[PDB]
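Undergrad: Experimental structure and sequence below, a few questions after.
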Amino acid sequence: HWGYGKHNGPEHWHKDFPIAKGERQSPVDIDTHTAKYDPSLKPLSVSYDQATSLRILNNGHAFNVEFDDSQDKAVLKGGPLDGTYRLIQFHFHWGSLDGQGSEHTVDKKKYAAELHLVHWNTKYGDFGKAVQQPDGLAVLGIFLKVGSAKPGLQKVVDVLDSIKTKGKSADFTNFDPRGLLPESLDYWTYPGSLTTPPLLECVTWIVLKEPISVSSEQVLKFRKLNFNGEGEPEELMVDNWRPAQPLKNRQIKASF
Ligand SMILES: NS(=O)(=O)c1cc([C@@]2(O)NC(=O)c3ccccc32)ccc1Cl
Ligand SMILES: [Hg+2]
Ligand SMILES: [Zn+2]
């Protein structure tokens, strides 16, 4: 099935998922000089105080930190969004080297990694129904650079040992996603898609301008994870990013 290797990677995906060459695919390059400040954007509201994490899962592509979404507890609203979007999970994309790893790029600059916090529109009852809608999802994207350690990431880093291979999960309750955010919520926004198959075009993207910094040894442990399942030959989980896709005269708006 789909992956990131030579034979199952990003430009193989279109065969099972034709929407890969669609009109609103993600990620994209953010050309800072082409992005326009948008006055009609309301303030962005990230409310993660009541967030209820449950478990961490190696799903063979990345690792997901999953949340209880059966009540309004961790919600994104405002900015380009209408209504309320509930946090369901977060995950990262990263590289084999510090000079690559992010999915979005800024004036063609690649960051060492990218975090995705995934939320679904409550008017649709659940995630499965929301991903059938043009405004079903909202993803908050955050860039990672190598420098100083990110304290609020270490609990994730420390548990990666327990989920080294595909299908492994561990209890991961009481994780606070607020410790992953940069200071500024200045962002770019554009309509787009999931960046993994089925690549559904249901996402309002909100990509923060300010990167978070993580330590060399934090990213190194991401790179010790496995794409393979237990008892299989070791395939290091690295370079699990899709490259930038055609903008196709969508407009990228700046909040700033
Ligand atoms: N990379 S991503 O943030 O666009 C994203 C990835 C996923 C996914 O790769 N992570 C999953 O666990 C999953 C399950 C079914 C389909 C797709 C996925 C889900 C939603 C989103 Cl918004
Ligand atoms: Hg959709
Ligand atoms: Zn993602």
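TA: Ah, there it is. Residues are numbered from 1 along each chain as shown. Ligands and ions are numbered 1, 2, ... in the order given.
Undergrad: quick one, what contacts the residue in the chain that ligand 2 sits nearest to?
TA: Per Cβ to the ion, residue 202 is where the chain lies closest to ligand 2, at 3.1 Å. All C-beta spots, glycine's among them, are computed from the backbone N, C-alpha and C. Residue 202 makes contact with 130-137, 193-194 under the criterion Cβ atoms under 8 Å, 6 or more residues apart in numbering.
Undergrad: Would you list the buried entries among the residues you listed?
TA: Neighbour-count burial (16 or more other Cβ atoms under 10 Å) applied to these gives 130-131, 135-137, 193-194.
Undergrad: ok, so of those, who is nearest residue 81?
TA: The closest of the buried ones among the contacts of residue 202 to residue 81 turns out to be residue 135 (Cβ to Cβ; 8.2 Å).
Undergrad: Doesn't that closest one belong to a strand?
TA: No: counting by DSSP: H, G, I helix; E, B strand; the rest coil, residue 135 is not found in a strand; it is coil.
Undergrad: Quick check: phi and psi on it?
TA: Torsion angles at residue 135 (phi, psi; degrees, to the nearest 10) stand at phi -120, psi 30.
Undergrad: Now render the buried ones among the contacts of residue 202 as TSV, adding distance to ligand 2.
TA: Formatted as TSV, the buried ones among the contacts of residue 202 follow (distance: Cβ to the ion, whole Å):
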residue	distance to ligand 2
130	8
131	6
135	8
136	5
137	8
193	8
194	9
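Undergrad: Please tabulate these in CSV, including the columns distance to residue 33.
TA: As requested, these are exported to CSV (distance: Cβ to Cβ, whole Å):
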residue, distance to residue 33
130, 34
131, 33
135, 28
136, 31
137, 28
193, 24
194, 28
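Undergrad: Which ones, among those residues, also lie beside ligand 1?
TA: When contact is defined as Cβ under 6 Å from any ligand atom, the buried ones among the contacts of residue 202 meet ligand 1 at 137, 194.
Undergrad: Is residue 92 in contact with residue 142, as I believe?
TA: No: the pair residue 92 / residue 142 is not scored as a contact, 9.2 Å apart, by Cβ atoms under 8 Å.
Undergrad: from the middle of its chain, how far away would stretch 119-128 be?
TA: 18 Å (Cα atoms, centre = their mean, to the nearest Å).
Undergrad: for the nearest residue to residue 192 once chain neighbours are set aside, phi and psi?
TA: Leaving aside its sequence neighbours, residue 192 sits nearest to residue 26 (Cβ to Cβ, 6 or more residues apart in numbering; 3.6 Å). With angles defined as degrees, to the nearest 10, residue 26 sits at phi -130, psi 150.
Undergrad: How about the contacts made by residue 26?
TA: So residue 26 contacts 103-104, 192-195, 203, 205, 242, 245 (Cβ under 8 Å, 6+ apart).
Undergrad: if we go to 10 Å?
TA: For residue 26, the contact set (Cβ atoms under 10 Å, 6 or more residues apart in numbering) comprises 103-104, 116, 139, 141, 190-196, 199, 201, 203, 205, 207, 242, 244-245.
Undergrad: ok, back up a step: now do the shared contacts for residue 92 and residue 142.
TA: In contact with both residue 92 and residue 142: 102, 113-116, 180, using Cβ under 10 Å, 6+ apart.
Undergrad: hang on, the earlier thing: looking at the contacts of residue 202, which one is closest to residue 219?
TA: residue 194 (23.9 Å).
Undergrad: Brilliant, that's me finished.
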